[PDB]
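Raw input09.cif, mmCIF, C-alpha atoms and all ligand atoms:
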data_start
#
loop_
_atom_site.group_PDB
_atom_site.id
_atom_site.type_symbol
_atom_site.label_atom_id
_atom_site.label_comp_id
_atom_site.auth_asym_id
_atom_site.auth_seq_id
_atom_site.Cartn_x
_atom_site.Cartn_y
_atom_site.Cartn_z
ATOM 1 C CA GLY A 1 59.372 24.803 -88.724
ATOM 2 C CA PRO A 2 57.593 21.855 -90.342
ATOM 3 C CA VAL A 3 53.946 20.946 -89.625
ATOM 4 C CA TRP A 4 51.607 18.283 -91.004
ATOM 5 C CA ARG A 5 49.687 19.780 -93.965
ATOM 6 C CA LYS A 6 46.764 17.381 -93.578
ATOM 7 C CA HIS A 7 44.129 16.625 -90.937
ATOM 8 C CA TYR A 8 44.041 12.825 -90.829
ATOM 9 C CA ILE A 9 47.279 11.545 -89.229
ATOM 10 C CA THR A 10 48.176 7.899 -88.753
ATOM 11 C CA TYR A 11 50.372 6.216 -86.211
ATOM 12 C CA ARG A 12 51.722 2.723 -85.860
ATOM 13 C CA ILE A 13 53.240 0.977 -82.865
ATOM 14 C CA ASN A 14 56.355 -0.735 -84.252
ATOM 15 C CA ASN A 15 56.992 -2.910 -81.178
ATOM 16 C CA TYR A 16 55.948 -3.120 -77.544
ATOM 17 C CA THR A 17 57.937 -2.592 -74.355
ATOM 18 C CA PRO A 18 57.995 -5.717 -72.180
ATOM 19 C CA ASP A 19 57.606 -3.394 -69.155
ATOM 20 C CA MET A 20 53.856 -3.089 -69.691
ATOM 21 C CA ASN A 21 50.720 -4.984 -70.652
ATOM 22 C CA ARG A 22 50.071 -4.604 -74.406
ATOM 23 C CA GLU A 23 46.590 -3.080 -73.945
ATOM 24 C CA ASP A 24 48.142 -0.510 -71.561
ATOM 25 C CA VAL A 25 50.750 0.548 -74.142
ATOM 26 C CA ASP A 26 47.945 0.960 -76.699
ATOM 27 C CA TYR A 27 45.874 2.979 -74.236
ATOM 28 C CA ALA A 28 48.681 5.324 -73.094
ATOM 29 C CA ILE A 29 49.650 6.130 -76.704
ATOM 30 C CA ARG A 30 45.979 6.597 -77.706
ATOM 31 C CA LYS A 31 45.311 8.931 -74.750
ATOM 32 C CA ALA A 32 48.497 10.943 -75.500
ATOM 33 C CA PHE A 33 47.368 11.518 -79.139
ATOM 34 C CA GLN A 34 43.925 12.543 -77.734
ATOM 35 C CA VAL A 35 45.566 15.320 -75.647
ATOM 36 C CA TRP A 36 46.603 17.051 -78.899
ATOM 37 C CA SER A 37 43.527 16.325 -80.997
ATOM 38 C CA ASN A 38 41.521 17.950 -78.104
ATOM 39 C CA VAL A 39 43.055 21.304 -78.995
ATOM 40 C CA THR A 40 43.665 21.081 -82.759
ATOM 41 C CA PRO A 41 41.783 20.050 -85.926
ATOM 42 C CA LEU A 42 43.878 16.883 -86.110
ATOM 43 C CA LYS A 43 42.514 13.324 -86.117
ATOM 44 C CA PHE A 44 44.737 10.349 -85.191
ATOM 45 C CA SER A 45 44.216 6.695 -86.202
ATOM 46 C CA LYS A 46 46.267 3.624 -85.297
ATOM 47 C CA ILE A 47 47.145 1.435 -88.279
ATOM 48 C CA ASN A 48 48.528 -2.085 -87.884
ATOM 49 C CA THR A 49 50.355 -2.338 -91.145
ATOM 50 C CA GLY A 50 52.066 -0.160 -93.726
ATOM 51 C CA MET A 51 53.699 3.255 -93.522
ATOM 52 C CA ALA A 52 52.291 5.486 -90.769
ATOM 53 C CA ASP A 53 52.987 9.167 -90.381
ATOM 54 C CA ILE A 54 54.196 8.544 -86.822
ATOM 55 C CA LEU A 55 56.042 5.311 -86.022
ATOM 56 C CA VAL A 56 56.234 4.582 -82.281
ATOM 57 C CA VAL A 57 59.373 2.563 -81.441
ATOM 58 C CA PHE A 58 60.875 1.092 -78.289
ATOM 59 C CA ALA A 59 64.662 0.694 -78.531
ATOM 60 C CA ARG A 60 67.861 0.832 -76.443
ATOM 61 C CA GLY A 61 71.387 2.162 -77.056
ATOM 62 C CA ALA A 62 72.308 2.621 -80.690
ATOM 63 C CA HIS A 63 69.158 2.022 -82.689
ATOM 64 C CA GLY A 64 69.738 3.172 -86.259
ATOM 65 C CA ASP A 65 69.691 6.966 -86.041
ATOM 66 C CA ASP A 66 71.949 9.740 -84.674
ATOM 67 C CA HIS A 67 70.264 9.760 -81.294
ATOM 68 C CA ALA A 68 71.808 6.806 -79.405
ATOM 69 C CA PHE A 69 70.146 6.171 -76.047
ATOM 70 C CA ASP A 70 72.103 6.321 -72.784
ATOM 71 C CA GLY A 71 70.882 3.461 -70.552
ATOM 72 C CA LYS A 72 68.500 3.878 -67.619
ATOM 73 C CA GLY A 73 67.920 7.542 -66.665
ATOM 74 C CA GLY A 74 68.999 10.627 -68.587
ATOM 75 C CA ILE A 75 67.251 10.708 -71.974
ATOM 76 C CA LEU A 76 63.876 8.933 -71.823
ATOM 77 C CA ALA A 77 62.736 9.390 -75.424
ATOM 78 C CA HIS A 78 63.220 11.511 -78.553
ATOM 79 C CA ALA A 79 61.079 12.268 -81.632
ATOM 80 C CA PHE A 80 61.443 13.765 -85.103
ATOM 81 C CA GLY A 81 59.504 16.798 -86.376
ATOM 82 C CA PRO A 82 56.897 16.437 -89.174
ATOM 83 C CA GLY A 83 58.146 15.172 -92.532
ATOM 84 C CA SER A 84 58.498 12.114 -94.733
ATOM 85 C CA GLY A 85 60.349 8.931 -93.740
ATOM 86 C CA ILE A 86 61.458 9.061 -90.097
ATOM 87 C CA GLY A 87 59.760 12.484 -89.803
ATOM 88 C CA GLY A 88 57.250 12.339 -86.939
ATOM 89 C CA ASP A 89 58.605 9.107 -85.436
ATOM 90 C CA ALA A 90 58.806 8.866 -81.669
ATOM 91 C CA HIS A 91 61.429 6.652 -80.017
ATOM 92 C CA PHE A 92 61.275 5.452 -76.386
ATOM 93 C CA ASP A 93 64.363 4.223 -74.512
ATOM 94 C CA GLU A 94 63.752 0.586 -73.591
ATOM 95 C CA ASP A 95 66.359 0.983 -70.807
ATOM 96 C CA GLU A 96 63.691 2.963 -68.920
ATOM 97 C CA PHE A 97 60.920 1.168 -67.020
ATOM 98 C CA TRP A 98 57.663 2.235 -68.632
ATOM 99 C CA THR A 99 54.425 2.294 -66.573
ATOM 100 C CA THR A 100 50.782 3.372 -66.331
ATOM 101 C CA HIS A 101 51.476 5.043 -62.976
ATOM 102 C CA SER A 102 53.951 7.084 -60.846
ATOM 103 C CA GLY A 103 56.470 4.243 -60.717
ATOM 104 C CA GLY A 104 59.308 4.118 -63.241
ATOM 105 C CA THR A 105 58.701 6.462 -66.184
ATOM 106 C CA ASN A 106 55.082 7.170 -67.115
ATOM 107 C CA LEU A 107 54.551 6.257 -70.804
ATOM 108 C CA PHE A 108 51.482 8.477 -71.304
ATOM 109 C CA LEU A 109 53.148 11.677 -69.981
ATOM 110 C CA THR A 110 56.325 11.024 -71.947
ATOM 111 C CA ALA A 111 54.329 10.253 -75.111
ATOM 112 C CA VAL A 112 52.340 13.499 -74.730
ATOM 113 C CA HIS A 113 55.688 15.379 -74.847
ATOM 114 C CA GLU A 114 57.152 13.237 -77.683
ATOM 115 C CA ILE A 115 54.005 13.651 -79.806
ATOM 116 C CA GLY A 116 54.292 17.418 -79.252
ATOM 117 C CA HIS A 117 57.640 17.133 -81.107
ATOM 118 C CA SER A 118 56.112 14.763 -83.733
ATOM 119 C CA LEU A 119 53.630 17.589 -84.424
ATOM 120 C CA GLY A 120 56.301 20.332 -84.715
ATOM 121 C CA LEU A 121 56.601 21.743 -81.180
ATOM 122 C CA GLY A 122 59.952 22.602 -79.559
ATOM 123 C CA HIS A 123 60.724 22.870 -75.864
ATOM 124 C CA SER A 124 59.245 25.403 -73.467
ATOM 125 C CA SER A 125 61.115 27.202 -70.693
ATOM 126 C CA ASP A 126 57.973 27.118 -68.447
ATOM 127 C CA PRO A 127 58.235 24.225 -65.926
ATOM 128 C CA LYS A 128 54.427 24.018 -66.047
ATOM 129 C CA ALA A 129 54.440 23.040 -69.716
ATOM 130 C CA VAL A 130 54.451 19.439 -70.858
ATOM 131 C CA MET A 131 57.117 20.536 -73.403
ATOM 132 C CA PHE A 132 59.484 21.637 -70.616
ATOM 133 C CA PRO A 133 62.629 19.479 -71.128
ATOM 134 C CA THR A 134 62.573 17.856 -67.648
ATOM 135 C CA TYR A 135 60.330 14.875 -66.837
ATOM 136 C CA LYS A 136 58.291 15.397 -63.651
ATOM 137 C CA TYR A 137 55.479 12.985 -62.870
ATOM 138 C CA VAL A 138 52.031 14.486 -62.408
ATOM 139 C CA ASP A 139 48.789 12.579 -61.795
ATOM 140 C CA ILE A 140 47.819 11.339 -65.244
ATOM 141 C CA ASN A 141 44.090 10.967 -64.461
ATOM 142 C CA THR A 142 43.726 14.739 -64.161
ATOM 143 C CA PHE A 143 46.598 15.836 -66.454
ATOM 144 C CA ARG A 144 46.224 19.118 -68.429
ATOM 145 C CA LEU A 145 48.220 21.007 -71.079
ATOM 146 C CA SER A 146 49.625 24.263 -69.739
ATOM 147 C CA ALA A 147 48.469 27.533 -71.379
ATOM 148 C CA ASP A 148 51.946 27.658 -72.952
ATOM 149 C CA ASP A 149 51.481 24.200 -74.547
ATOM 150 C CA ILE A 150 48.090 25.261 -75.894
ATOM 151 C CA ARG A 151 49.356 28.536 -77.374
ATOM 152 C CA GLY A 152 52.328 26.689 -78.931
ATOM 153 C CA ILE A 153 50.240 24.013 -80.631
ATOM 154 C CA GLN A 154 47.582 26.499 -81.646
ATOM 155 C CA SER A 155 50.332 28.632 -83.219
ATOM 156 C CA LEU A 156 50.991 25.606 -85.510
ATOM 157 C CA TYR A 157 47.473 24.218 -86.116
ATOM 158 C CA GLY A 158 43.864 25.411 -86.046
HETATM 159 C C1 LIG B 201 57.531 14.770 -70.291
HETATM 160 O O1 LIG B 201 58.235 14.315 -71.457
HETATM 161 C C2 LIG B 201 59.608 14.240 -71.535
HETATM 162 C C3 LIG B 201 60.453 14.907 -70.632
HETATM 163 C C4 LIG B 201 61.846 14.764 -70.745
HETATM 164 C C5 LIG B 201 62.400 13.975 -71.778
HETATM 165 S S1 LIG B 201 63.988 13.754 -71.922
HETATM 166 O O2 LIG B 201 64.188 12.465 -72.522
HETATM 167 O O3 LIG B 201 64.540 13.730 -70.595
HETATM 168 N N1 LIG B 201 64.667 14.820 -72.807
HETATM 169 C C6 LIG B 201 65.062 16.089 -72.197
HETATM 170 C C7 LIG B 201 66.280 16.643 -72.932
HETATM 171 O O4 LIG B 201 65.819 17.235 -74.143
HETATM 172 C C8 LIG B 201 66.756 18.096 -74.786
HETATM 173 O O5 LIG B 201 66.420 19.453 -74.487
HETATM 174 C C9 LIG B 201 67.310 20.413 -75.080
HETATM 175 C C10 LIG B 201 66.922 21.802 -74.562
HETATM 176 O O6 LIG B 201 65.715 22.276 -75.177
HETATM 177 C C11 LIG B 201 67.327 20.295 -76.607
HETATM 178 O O7 LIG B 201 68.400 21.094 -77.063
HETATM 179 C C12 LIG B 201 67.538 18.838 -77.055
HETATM 180 O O8 LIG B 201 67.292 18.659 -78.456
HETATM 181 C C13 LIG B 201 66.640 17.881 -76.283
HETATM 182 O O9 LIG B 201 67.007 16.532 -76.528
HETATM 183 C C14 LIG B 201 64.857 14.560 -74.238
HETATM 184 C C15 LIG B 201 63.625 15.078 -74.939
HETATM 185 O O10 LIG B 201 63.212 16.220 -74.729
HETATM 186 N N2 LIG B 201 63.005 14.239 -75.770
HETATM 187 O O11 LIG B 201 61.833 14.712 -76.334
HETATM 188 C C16 LIG B 201 61.542 13.319 -72.674
HETATM 189 C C17 LIG B 201 60.159 13.447 -72.546
HETATM 190 CA CA CA B 202 67.830 6.629 -70.897
HETATM 191 CA CA CA B 203 57.292 8.887 -90.161
HETATM 192 CA CA CA B 204 62.255 -1.307 -70.240
HETATM 193 ZN ZN ZN B 205 65.861 7.197 -82.156
HETATM 194 ZN ZN ZN B 206 61.585 16.890 -75.766
#
Can you give me the file's structure in the form of structure tokens?
Amino acid sequence: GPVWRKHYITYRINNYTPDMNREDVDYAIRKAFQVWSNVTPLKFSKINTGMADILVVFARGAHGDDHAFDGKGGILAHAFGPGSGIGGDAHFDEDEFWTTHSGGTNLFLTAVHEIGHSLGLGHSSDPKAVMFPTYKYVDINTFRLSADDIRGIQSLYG
């Protein structure tokens, strides 16, 4: 389906989870965008003001769209495919406990998956893929896209 028809993509962090240090939220999101720019022609830039292509939001329960969150556990986040308005936006369930590590739910790993959706990717049936619909923590310091993730994104861009 939809893809971004431009190379320079902006994102904006709407608000910050209290579960984490601010700089750590910024870093996790930045690093997750970098995963995808590594393998596509895309460039991502954080803006502090105005309309971004991808708005990053932390919210709980009903939060103004048709994708109400479900408390701790279950659904961790959801994102919209490329497009105007809410298109591209990535929402993270504040009822989760977001972290930089193996405790709680890892923000980086989740954001890699969510940004995949923000770029136009669907789910994969390969448990090795980051786009597989089940969260499983892997060491983030050595994380890598599966071949499936790479062929999926490269089918959309580059
Ligand atoms: C590693 O990063 C994540 C791993 C799991 C989740 S998750 O929060 O646990 N999660 C899984 C459930 O997804 C469902 O999967 C179905 C089968 O394809 C789809 O029909 C449906 O649209 C989709 O919501 C919702 C998700 O994928 N958000 O993007 C979120 C991020
Ligand atoms: Ca939840
Ligand atoms: Ca948007
Ligand atoms: Ca939280
Ligand atoms: Zn939402
Ligand atoms: Zn998903």
### Message
Please list as a ChimeraX atom specification every residue within 10 Å of residue A:52, counting only C-alpha atoms and excluding residues in the same chain fewer than 4 positions away.
### Response
/A:9-14,45-48,56,84-86,88-89
### Task
Would you list the contacts of residue A:138 as a list in words, taking every protein, DNA or RNA residue within 10 Å and counting all atoms listed in the file, but skipping same-chain residues closer than 5 positions in sequence?
residues 101, 102, 106, 109, 143 and 144 of chain A
### Task
Using only C-alpha atoms and all ligand atoms, find each residue with an atom at most 9 Å away from ligand CA 204 (chain B) and format the answer as a PyMOL selection string.
chain A and resi 17-20+58-60+72+93-98
#### Entry: Target residues per the PyMOL selection byres (((not hetatm)) within 12 of (chain B and resi 205)), formatted as a count of residues only
32
Could you give me, as a tab-separated table (two decimals) with C-alpha atoms, keeping the file's coordinate frame, the residues within 12 Å of residue A:121, counting only C-alpha atoms and dropping anything in the same chain fewer than 4 positions from it?
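Wrote out-v8.tsv, looks like this:
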chain	number	residue	atom	x	y	z
A	1	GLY	CA	59.37	24.80	-88.72
A	2	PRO	CA	57.59	21.86	-90.34
A	3	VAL	CA	53.95	20.95	-89.62
A	4	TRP	CA	51.61	18.28	-91.00
A	36	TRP	CA	46.60	17.05	-78.90
A	79	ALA	CA	61.08	12.27	-81.63
A	80	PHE	CA	61.44	13.76	-85.10
A	81	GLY	CA	59.50	16.80	-86.38
A	82	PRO	CA	56.90	16.44	-89.17
A	88	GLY	CA	57.25	12.34	-86.94
A	112	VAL	CA	52.34	13.50	-74.73
A	113	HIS	CA	55.69	15.38	-74.85
A	114	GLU	CA	57.15	13.24	-77.68
A	115	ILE	CA	54.00	13.65	-79.81
A	116	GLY	CA	54.29	17.42	-79.25
A	117	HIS	CA	57.64	17.13	-81.11
A	129	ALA	CA	54.44	23.04	-69.72
A	130	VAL	CA	54.45	19.44	-70.86
A	131	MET	CA	57.12	20.54	-73.40
A	132	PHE	CA	59.48	21.64	-70.62
A	133	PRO	CA	62.63	19.48	-71.13
A	148	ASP	CA	51.95	27.66	-72.95
A	149	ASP	CA	51.48	24.20	-74.55
A	150	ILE	CA	48.09	25.26	-75.89
A	151	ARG	CA	49.36	28.54	-77.37
A	152	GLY	CA	52.33	26.69	-78.93
A	153	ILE	CA	50.24	24.01	-80.63
A	154	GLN	CA	47.58	26.50	-81.65
A	155	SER	CA	50.33	28.63	-83.22
A	156	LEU	CA	50.99	25.61	-85.51
A	157	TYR	CA	47.47	24.22	-86.12
### Task
Could you please determine the separation between atom CA of residue A:108 and atom CA of residue A:32 in Å, to one decimal place?
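It comes out at 5.7 Å.
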### Query
So, counting all atoms listed in the file, which residue among A:15, A:21, A:71, A:119 is closest to residue A:44?
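So, comparing all the options, the nearest one is A:119.
Across the structure, atom CA of residue A:83 and atom CA of residue A:125 are spaced 25.1 Å apart.
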### Message
Between A:105, A:146, A:100, A:37, which residue has the minimum interatomic distance to residue A:126, considering only C-alpha atoms?
### Response
A:146
Please write out, as AutoDock Vina command-line options, where the centre of an axis-aligned box around all listed atoms of ligand LIG 201 (chain B) lies and how long its edges are, in Å to one decimal, after adding 8 Å on each side.
--center_x 63.0 --center_y 17.4 --center_z -74.4 --size_x 26.9 --size_y 25.8 --size_z 24.2
### Message
Nearest residue to residue A:142 out of A:24, A:35, A:49, A:124, using all atoms listed in the file?
### Response
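Between A:24, A:35, A:49, A:124, the residue approaching residue A:142 most closely is A:35.
Among the candidates A:103, A:120, A:127, A:74, the one nearest to ligand LIG 201 (chain B) when counting only C-alpha atoms and all ligand atoms is A:74.
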### Query
Using only C-alpha atoms and all ligand atoms, which residue out of A:140, A:111, A:147, A:51 lies closest to ligand CA 203 (chain B)?
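Once distances to ligand CA 203 (chain B) are computed over only C-alpha atoms and all ligand atoms, the minimum belongs to A:51.
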### Task
Please evaluate the PyMOL selection byres (((chain A and resi 7) around 6) and not hetatm) against the structure above and give the resulting residues as a count of residues only.
3
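With distances taken over all atoms listed in the file, A:29 is the one residue among A:158, A:34, A:29, A:145 lying closest to residue A:99.
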### Task
For atom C1 of ligand LIG 201 (chain B) and atom CA of residue A:5, quote the distance in Å rounded to one decimal.
25.4 Å
